[PDB]
Each structure stands twice: as structure tokens, then as C-alpha cells.
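So you can see what is in the structure, the chains are spelled out below.
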Amino acid sequence: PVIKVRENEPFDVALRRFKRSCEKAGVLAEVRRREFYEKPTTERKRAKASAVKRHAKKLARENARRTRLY
Amino acid sequence: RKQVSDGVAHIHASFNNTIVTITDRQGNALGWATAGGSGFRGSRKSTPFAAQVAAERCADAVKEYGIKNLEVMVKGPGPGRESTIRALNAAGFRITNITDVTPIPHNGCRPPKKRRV
Amino acid sequence: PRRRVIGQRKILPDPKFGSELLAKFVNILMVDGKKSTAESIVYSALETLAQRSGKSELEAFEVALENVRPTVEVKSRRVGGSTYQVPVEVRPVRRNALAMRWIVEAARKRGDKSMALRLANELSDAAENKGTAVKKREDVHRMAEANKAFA
RNA sequence: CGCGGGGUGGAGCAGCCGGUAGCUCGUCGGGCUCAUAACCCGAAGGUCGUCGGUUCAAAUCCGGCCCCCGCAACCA
RNA sequence: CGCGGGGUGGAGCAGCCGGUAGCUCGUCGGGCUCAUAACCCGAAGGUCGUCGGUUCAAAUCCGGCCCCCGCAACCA
RNA sequence: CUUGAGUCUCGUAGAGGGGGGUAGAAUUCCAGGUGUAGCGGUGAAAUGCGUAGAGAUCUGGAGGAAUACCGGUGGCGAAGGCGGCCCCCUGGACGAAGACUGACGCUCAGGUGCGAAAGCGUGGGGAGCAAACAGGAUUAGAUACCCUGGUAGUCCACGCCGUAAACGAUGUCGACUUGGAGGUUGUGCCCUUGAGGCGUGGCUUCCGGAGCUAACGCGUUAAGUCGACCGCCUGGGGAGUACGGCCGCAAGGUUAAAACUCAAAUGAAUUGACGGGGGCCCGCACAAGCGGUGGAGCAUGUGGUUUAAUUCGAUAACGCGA
RNA sequence: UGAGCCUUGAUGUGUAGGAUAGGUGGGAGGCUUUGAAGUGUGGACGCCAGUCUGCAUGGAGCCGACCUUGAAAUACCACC
């Protein structure tokens, strides 16, 4: 996330840009992930579980949507 | 002491404590300050405010060097990350570059075990 | 409460000076619903204070109050294992009240003989920026300052 | 006996020119705290071992004495 | 017999100068606690084995005795 | 004889296996520079490391281990498992057409092999992580959880071990039975007029029909409808234990009882209740305030004790029946 | 990089105060064309009031007992 302040650019704006860049990188997230050792099994489980959740969100909810709430 | 116009601010931002170190562009440290040093302990020094004040202190310390331009290198995850740089800006250096320098391995060493809480 | 915020009840201004704040102060002072005695005491305090500092009765009182009003107070969140006192900006209605209460407390404490006299003394102290109420205010501020990291 | 350190607030470590008279833990009050400690604020405790003098500044520089240290030498 | 440790609050471990006379669990007291083993506050329990003396400080240093230890040596 | 089974031709995708190289990031240590009082850690602390100059920061070096992003309910493998890049050796799968062989097939007790992690042996290696161990906390205690360190081990070579919730808790092979939405990898045609259009094969994720099922659910990848072969079960405990055998350096594995004992034990779903599960909401529940009780004296009721008797009851009881 | 020394320079806030008074003795005017007061500032110290001093400019005056004070002028001076 290397950044250079442009000529006649505000500080705040620059900071914001930097933040955005960082977010894009996913650096903080990566750091968080590597704080502690995740057993392979655990890693697998999370990934599959997450996937399942995503699938549920996509399809079941869509089905629900077809019918009106009131 | 020899005055220097341009330098780097290294911001080591941990979860527990922020450390700000102003150095010349070559690597040689001019001054440093910490949230733990600024009169904050435990709960207090792991905060953005603490980090900011550390930064301020650091800035104050490198007054005699007469530093105008400054590039910032931000390391680690923490509260003292955005706040610290803001503080630095306030203190009145022309911030030139804002770099992230967190050490991310490309899967290298095994981290320590996960805490059971 | 949980359900509904309610509008603060109507307060009549005192007969002598025609002030809401004064009335409030008198009420605060009062004990056992003996309002009249309390108001008399307040009046006495004012008069003596006026004599001492010059100015007016009301103006002097206001000035005194001003030196004991807190910009910031603290409250206990305690989200962690140990308790964290957090500062909070204390609102116009509340700040005025707090100062008055503190003053009253100081008066109660004080070693002088008559209540009114004590009150007057307290007021004077406040005006000058020494005494008990002022000290309390300082302490309150100090605590906030200490815990400024939390926001 | 001779010679190098110096002698303090309940103990301890106090900024070459004599005008600064402390900091830690401690005890009490309060603030916050579930607690306790940590944390914040403030408060009582001196002689500067002593006797004197150079000088308005003196414990703060010197003359002697009492001790604590350290010295290294001695002993029919 | 001789020689090294010393002899206490219901048991135990108590700060080289004799002026400090305890801490743990225990019993009572009261609210915490959905319940206590609670956290926290306070309260009754001595002789310092004993007989004496150096001294205003003594159990606290010494002379003897009774025991608990430990000693290592002995035994026709 | 050619429909099953196999062989040949050309391609295809792949973390399939074995061997040997190499790359970059990051951690650790070493040497040196800059620099100055903290660092570290937690819920909060402390142990620990620091003025003998740590932490931070820059330069150079060493060494080990693992491969960010790509990366996907993606791929490959009989299962175990397999993930940077390159080369060498090497196994399987699938498709396209043809050509050939001509039932050569399926299953398999014994038998043989492969078989995560930990563990064992001998020899290397050792950065990080970390059983054991030590200290610091926490606690009534804390031989734990948390913190600071930390050795076997993890890594490599060659042997052994032979087990795991080794799971899809679902043996293998073949045939047949409505559909939809994808993913991946081929391939035929079509103006690819464009990322497309219409098919046809392989593997694969989810939903769901008939049917099946104790229900939950399964549902063309069956737990449906059938056939072939094998493995295995016969109430719970005792027990996957003892004895004996076989195997193993050992740890142990494997095979596998009985007495005695209970009238249950179990599975799925149901209604509640509960949760230091989750969401939404309320109440002087807290918060914000004011005044009390707990200390005092007395009144009064109760417990207790006392008494010849201190009447009996209440114990959301205790100025209560009274 | 430490550290002496012949020497010639600087250095010194009790409050009274012209304000950054170390002390003794000889003393009432020392310096000024081998260039005096005012101005520009380069480097030092610092109790932020100022003090010493380099080079430039300027060319005919600044500082004395003073009023105070336990002690009087860095008016010249030697001793340290």
C-alpha cells in the first residue's frame, strides 16, 4: 500500500486514500488470520461452513422473497 | 546536532502498545516515543488517543533536528495507526508518503497456538 | 426509563427576583417540603453575598455558579473485566443542576453556624475560586482528563 | 592512632559556582472500583550528627569532636 | 549419663542489638451466594515448660531441673 | 458373435507419485550502526527482557521450516492423502473417431500390499511451534484454562508401528426408474455475424418428485426398483477386557470369552422447562436522584433460652391470625 | 581522544538596586588617530533579563562617588 501525496492534495484526503488502499490489500485481515495457528481441519470447516451459509443466503432467501410479507 | 530537512516516521502499531520512531532517510533514528512512555498503562496505552500523544511526544523530541518533510511507514495492526499519523500531521510536518509495512509472511513460520478463552 | 421520554415539569420563578434558576436552587436546598424556610435562607445568603461582592444579588450568584459548573463528567461502562470510567459531555440542563447540588452539599458540610451564612460563604468561595464545590468540580474534571483515552 | 567516601524527613539515592530545601514504598482523606492492586488528587512527618567561623544566601566552603564506610600498613 | 536444635495462644512457622507481644485453617457474629469451600469486616482463646538471676524493657542474655529432637559413640 | 472386459491412434486437464534443483516473503540468532528508557504481556497483573543500551530503527551474514496472493462446497488420487517455481523418472483418468481381441468378466474367506497423527529404532538436522518441565497469575484449591520461558517431537534419510469420528458413521460390480439450478473438464455441429446458439460424453455441489424410511431424511452420485459376491450384527453393562495364540524393539495391535449383574439400554421426533445460546420487548430492574434500614434508646413481632405455664397457629412468616 | 602548565582573555542575579555586586590593598579621572558613542549581525553562554566578542559601518565621546547598600564600581590596578 505505497502512496505518495499529490501536489496541492489535502492531508485528510490522502489519509482516506491510504485507508482505502489498505482495505483493498486486506492487510489487517491477513494479520488477524496469522495471529494464531488454525488447524487444517478448522480452516477446512470454516471454509465449507461459510460456503454453506452463502448458499443458504442466496437460494432459500430468494425463495422466501417470491412471497409477500404482508 | 546536525539539522535534517527530510526523514521517516516509523509507526510500530501493536495491539498492546504503539511506538513512534522518527529517523533520517538513511535509517539512523533521531528520536522515539511510546504510548507506554506517555503515561498510559494497560487498558489506556492500547488506544488511539494514547498513540496520538506518543506521536506528538516524538514530534516534540525531534524539534531540534528541524524536520519539515516526513514520510510515514505504518507497521502492524492496532488503534495507533490512523490516529498517530493524524497527530503527526497536526504537529506540522509535510507528510510526503504514507506506506504500509506490515510483515506478511508468504506462509513461513507456524504461529503460536490459539487461545482458549 | 425504557418506554417513553417525558417533558420536564413546569417550575415557577421565585417572587423576589423572578428567576427560574434561583427557584430551582431553593428547591434543591429545601428539606422535608419546607420550601419557605429554605427560600428565606437562600435570600439571606444572596443578600450577604451581594453586600460582600457588590454587583447584584442574582448576578453574583450566577458568577459563583459559573466557577463550579462541570464541562465534563464521567460514567461507568465496565464492558471489560475491570471497570472503565468514561468521560461524557454533560448537557446544559444537567450541568447547572450539578453545580447547585455541589454548592448545597458544601454548605451542609461547612463549620459555620447559620445555614444561610454558610451558603453565602460557599458562594463567595466559588466566586473567588477556592472552597469545597470548586474542589469537587476540579476532581470531576481531573478524573475525566485521566480517562480521556476512552471516548 | 595516620589516609581516601559522609553523615538527614519511617529506610534508603538527592543537579561542578554557598540563594533550588525531593523521589519511591509508607499512614490518612477523597475519586473511580464488584474486588484488590494498579491508577488520579491532596495531606502529617528535619536535624541536615555536632560544636563553631568565611558570608545577607549555608546542611551546602572550611578548624576541631561522635559515629558509619572503606583503606591498606602493624602487633613485643 | 556427655554434645549440637528449643521448648507457646485448638496444631503448627514467628524479623543478628532484651522495649515489636503474629499468621494459616478453626468457632461465633451478618449479609452477599439460586447453594456453599467463599471473597471481604470484627470478635473469645498465653504459659512463652520450669525454677531463678544480669537489667525499667525479658519469653527474648545467662545457672540448674522436665520433656521433645537430633548426635554420634558404647554394652560385661 | 460383439453389446461386457481389454489393446492400439491422437489429444486433454490435473496439489497424482518418486528424485533433484531453485525463488521470494516472514520469524529467529549473530556482527555492526543510529538511538534512549522502557519493552513485553493480560480481563487486570506479574514472572520475563532492558541504561552491562533492550524495545524501535537501518546494514550485512547464518540457518531451518513452510509456501501469502492465485484458491474455488476447484482439481487429482484406491484410501491414507497431495498446494511456490523449474527439470528428470513415473502411475492413473477422460474425450475423439476408427481398427483389433472375442466373455478374456464380477466378487473374494485365507494371503499380499498401501495405510493420518502420535509413537519406536539408528544416523542427521533444529528457525518457528511445543507434550513434559519451570516460574508468574487466576482460584477455596488450579498438578488446568491465561502469561513468560521451554525439552522430546514436529523436519530429512532408512527401518518398524498398523491404528483414528481412517466418516458419506452408507462394501464392491452391473442394470433400470420423473425434474431443476450450478461447478469443472473434454468434444461434434452452427453465420463464433459477440462474451454466444443447439447438442453429446466424464467427474462433481445443492434442491426436490415417485418410491423408500422409526422418523430425521435419501432421492439417477438412492437410503428407490432388482441381481452377483463378500464383510458384519443378535439386549445393556462386565468388555473390545481377561486367558491363550499370532505379530511388535517397545508402546501395544490383532483374534476374543466367562462368571456376575440390571430390566432396561438405545434411536428419531414431540410438548415443556432450562442455557454463563440468539433476537425483540417490558417493570423504581438498573442508571439518574431524594429519603431511609443496618449503629443508639424505646415500641413491637419472631427465633432461641428459661419457666409450673411461658396457648396454639404463621416461619409469598416475623406491628402476621390478634 | 584523555589531561596538566608558563601565559593572556572570559566567568561570577540573597533583597535594598542604573542591573547577571567573588574578596584585599594602591586610588579620583583610564581609553580614543598602532582609531570613541550609535547601527548591521557571524558564533557562544543563559536564572530570557541580558553578557562577552568577531567582522562591517561610523567618525568625535561613552563610562565615577552617584539615589540606594552588611560590601562600590569592569574610572586604570596587581594578588589570586
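Quick notes on the sheet that holds strand β4 (residues 69-75) of chain B
- The 5 strands are arranged β3-β2-β1-β4-β5 (chain B) in an open sheet whose pairing can be described as mixed. This sheet does not close on itself; its edge strands, each paired only once, are β3 (29-34) and β5 (94-100) of chain B. Across the sheet, the mean angle separating the axes of adjacent strands is 20 degrees when strand polarity is ignored.
- Inspection of the sheet shows strand β2 (residues 18-24) of chain B paired to β3(B) by 5 bridges, in the antiparallel sense. Counted as the bridge partner of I19(B) is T34(B) from β3(B).
- Contacts between helix α1 (residues 11-25) of chain A and the sheet are confined to β4 and β5 of chain B, with β5(B) contributing the most and set at about 5 degrees to the helix.
- Most of the contacts of helix α1 (residues 48-61) of chain B go to β2(B), to which it runs at about 25 degrees, and overall it touches β2 and β3 of chain B.

A word on the interface of chain B and chain C
- On the side of chain C, 5 residues touch chain B, which itself brings 4 residues to the contact.
- In this assembly, chain B packs against chain C so that about 450 Å² is buried in total across both faces, 70% of it on carbon and sulfur atoms.
- When the buried area of chain B at its contact with chain C is split by residue, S43(B), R44(B) and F49(B) rank highest and sum to 83% of it.
- In this assembly, chain B and chain C are joined by 0 salt bridges.
- The tally of links between chain B and chain C comes to 1 residue pair in polar contact.
- The residue makeup of the side of chain B that touches chain C, split by class, is 1 nonpolar, 2 polar and 1 charged.

Digging into the arrangement of the chains
- Among the 2 pairs of chains in contact, the pair with the most contacts is chains A and B.
- The smallest C-alpha distance separating chain A from chain C is 21 Å, and no contact links them.

Some details on the side chain of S19(C)
- Structurally, the position occupied by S19(C) is in the segment before α1 (20-29).
- In contact with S19(C), other than residues within four places in its own chain, are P13(C), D14(C) and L58(C).

A look at a positive patch on the surface
- Residues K53(A), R54(A), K57(A), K58(A), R61(A) and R65(A) make up a contiguous surface patch of positive charge.
- Relative to the elements of secondary structure, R65(A) occurs in helix α3 (residues 40-66).

As for the packing of α1(B) against helix α2 (residues 82-91) of chain B
All names here are of chain B.
- Between α1 and α2, the least distance of the axes is 8 Å, while the angle of their chain directions is 35 degrees. Between α1 and α2 lies a crossing whose hand is right-handed. In contact with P48, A51, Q52, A55, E56 and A59 of α1, α2 contributes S83, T84, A87, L88 and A91.

Some words on the packing of helix α2 (residues 35-53) of chain C against helix α3 (residues 57-66) of chain C
All names here are of chain C.
- Direction vectors running N to C along α2 and α3 enclose 90 degrees, while the axes themselves pass 9 Å from each other. Between α2 and α3, the angle falls in the class roughly perpendicular. In this structure, α2 contributes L46, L49 and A50 to the contact, and α3 contributes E57, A60 and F61.
- In terms of residue class, the contact of α2 with α3 is made up of 5 nonpolar, no polar and 1 charged.

Considerations on the nonpolar core
- Counting residues in hydrophobic clusters, the biggest one holds 31 residues, and the most contacted among them are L22(C), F25(C), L29(C), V42(C), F61(C), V68(C) and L123(C).
- Listing elements by their share of this core, those giving two or more residues are α1, α2, α3, α4 (92-109), α5 (115-128) and α6 (132-146) of chain C.
- The contacts of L29(C), once residues within four sequence positions are left out, are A38(C), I41(C), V42(C), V104(C), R108(C), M115(C) and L119(C).
- Counting residues in hydrophobic clusters, the runner-up holds 28 residues, among them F11(A), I22(B), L30(B) and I85(B).

Overview of the interface of chain B and chain A
- Facing 25 residues of chain B, the contacting portion of chain A comprises 20 residues.
- Interface area for chain B against chain A, summed over the two sides, is near 2,200 Å², with a carbon-plus-sulfur share of 66%.
- A salt bridge links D12(A) to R86(B), with the shortest nitrogen-to-oxygen separation between them at 3.7 Å.
- Viewed at the interface, chain A and chain B are joined by 5 residue pairs in polar contact.
- Sort the elements by how many residues they give to the side of chain B that touches chain A and β5(B) lands first, with 6 residues.
- Partitioning the side of chain B that touches chain A into residue classes produces 10 nonpolar, 7 polar and 8 charged.

Quick notes on the rules
- Residues numbered from 1 in each chain as written, not as in the entry; some residues may be left out.
- Chains lettered and ligands numbered in written order.
- Part of a larger assembly, values for the part shown.
- Heavy atoms only, no water.
- Pairing = 2+ DSSP bridges.
- Helix = DSSP H or I, 4+ residues; strand = E, 2+ residues; numbered from the N terminus.
- Axes fitted to C-alpha atoms, helices over the stretch in contact; angles between N-to-C directions.
- Contact = heavy atoms within 4.5 Å.
- Buried area = accessible area lost by both parts, 1.4 Å probe.
- Salt bridge = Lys/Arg side-chain N within 4 Å of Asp/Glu carboxyl O.
- Polar contact = N/O pair within 3.5 Å; in protein donor to acceptor, adjacent residues only side chain to side chain.
- Nonpolar A, V, L, I, M, F, W, Y, C, P; charged D, E, K, R; others polar.
- Patch = residues over 30% accessible without salt bridge, like charges linked within 9 Å, V, L, I, M, F, W, Y side chains within 5 Å.
- Areas by Shrake-Rupley, 256 points an atom, 1.4 Å probe, with all protein chains shown as cover.
- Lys, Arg positive; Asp, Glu negative; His and termini not counted.
- Charge placed at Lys NZ, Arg CZ, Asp CG, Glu CD.
- Left-handed = near helix turned anticlockwise from the far one by under 90°.
- Parallel < 35°, antiparallel > 145°, perpendicular 65-115°, else oblique.
- Core = buried A, V, L, I, M, F, W, Y, C linked by side-chain atoms within 4.5 Å.
- Buried < 20%, exposed > 50% of the residue type's maximum accessible area, 1.4 Å probe, protein only.

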